[PDB]
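All ligand and atom numbering here is 1-based and tracks the order in the structure. The figures here come from the full heavy-atom set of this structure, side chains too, leaving out hydrogens, waters and symmetry mates. Numbers here are sequence positions counted from 1.
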Amino acid sequence: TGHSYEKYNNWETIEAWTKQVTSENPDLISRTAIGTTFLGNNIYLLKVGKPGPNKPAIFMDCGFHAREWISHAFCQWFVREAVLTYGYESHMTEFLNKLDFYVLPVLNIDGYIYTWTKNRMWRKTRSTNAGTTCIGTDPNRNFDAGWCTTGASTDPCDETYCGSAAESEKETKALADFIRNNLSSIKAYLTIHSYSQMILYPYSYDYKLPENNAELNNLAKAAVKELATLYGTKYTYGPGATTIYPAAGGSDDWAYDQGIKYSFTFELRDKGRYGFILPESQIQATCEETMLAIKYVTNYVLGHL
Ligand SMILES: N=C(N)Nc1cccc([C@@H](CS)C(=O)O)c1
Ligand SMILES: [Zn+2]
């Protein structure tokens, strides 16, 4: 163990922190398991906010992809910032009073442990595939959004394997189940990744645009403007297919298709110099600037209820 917000923490440490951060803030945090990974790890979810009746929520997950360590770190950073500024910073104070932040620290816990124990560049889950020795399904290719129709491979040996079927992975099915069971309160979906420095919105499984395309563009545009204030970090934004690439089975598209109108995929630092191996020395600056974008989007969603 040995948790730090300016260092990448292994799963043993992250799970301990989830337990500790909750015990330390009973007034603002409630911890919950929403399923288990292929290998027996508990998929924790933290409900951040001042408890109240029938509050709306914003759902944020991190750790979809094992090697994207900066995203895991961001979920942790966010949790601390939320509790230390509550009551001192008016926006965060109003956010926690009005809505609940569902923060899922790590979805792909199994693959995360693998980047720590054997392969730093692992991406997919660690599940078994019939008829092959090849391990893993790409979790952001396993959702029911034009599933496996483009930008996904049907071969288990490929890094973008779409799974045997949609929600084949316990992790994705568990995330999907949760979102389906709380659809009523969940107003926005935020999924944290790296790298590329981008804010994306639906659709990636198709070149069609969402109904609120222009609204999402204005918002993604405003958010990137916020993030840039701190250290001049430049992000690009736009619909997935044209901004990054057509890829089916993404959770952002899926959530949008559930009715969640504000759905964004965040690609954090770098642009490629360090890529997935972003120095721990950049954790704070990265998390700081990203906080401004997330809070910007939260304030918009909130003031649009
Ligand atoms: N539906 C999508 N494919 N969305 C999507 C948008 C931006 C980045 C990605 C990456 C994140 S590593 C990825 O999952 O490969 C996916
Ligand atoms: Zn990713």
Residue [X] vicinity, atoms of ligand 1 by number, heavy atom under 4.0 Å:
X	value
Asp253	1 (N)
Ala247	1 (N), 3 (N)
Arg141	13 (C), 14 (O), 15 (O)
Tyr245	9 (C), 10 (C), 13 (C), 15 (O)
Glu68	12 (S)
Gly250	1 (N)
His65	12 (S), 13 (C), 14 (O)
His193	11 (C), 12 (S)

Please find out if less than 6.0 Å separates the ring center of [X] from that of [Y].
X	Y	value
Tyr205	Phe143	no
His72	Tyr8	no
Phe101	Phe78	yes
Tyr256	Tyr262	no
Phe74	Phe266	no

So the angle subtended at the Zn ion (ligand 2) by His65 atom ND1 and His193 atom ND1, rounded to 10 degrees, is 120°

Hey, are the side chains of [X] and [Y] touching, using non-hydrogen atoms and a 4.5 Å cut-off?
X	Y	answer
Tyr112	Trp122	no
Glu226	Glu289	no
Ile70	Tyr195	no

Closest non-hydrogen contact found for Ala145 with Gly250 is CB-O, 3.8 Å

All heavy atoms of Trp116 vs all of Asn9, minimum pair found to be CZ2-C, 3.6 Å

Among non-hydrogen protein atoms, atom 14 (O) of ligand 1 lies closest to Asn140 ND2, 2.7 Å

Residue, atom and distance of the protein heavy atom nearest atom 7 (C) of ligand 1 read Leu200 CD1, 3.0 Å

Margin query: If I take every N, O or S atom of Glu267, is at least one of them less than 2.8 Å from the Zn ion (ligand 2)?
Written below: no

Geometric N/O contact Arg123 with ligand 1, under 3.5 angstrom:
yes

Below 3.5 Å, N or O to N or O, backbone or side chain included: is there any such pair between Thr265 and ligand 1? no

Note: heavy atom closest to atom 1 (N) of ligand 1, options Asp252, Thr150, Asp206, belongs to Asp252

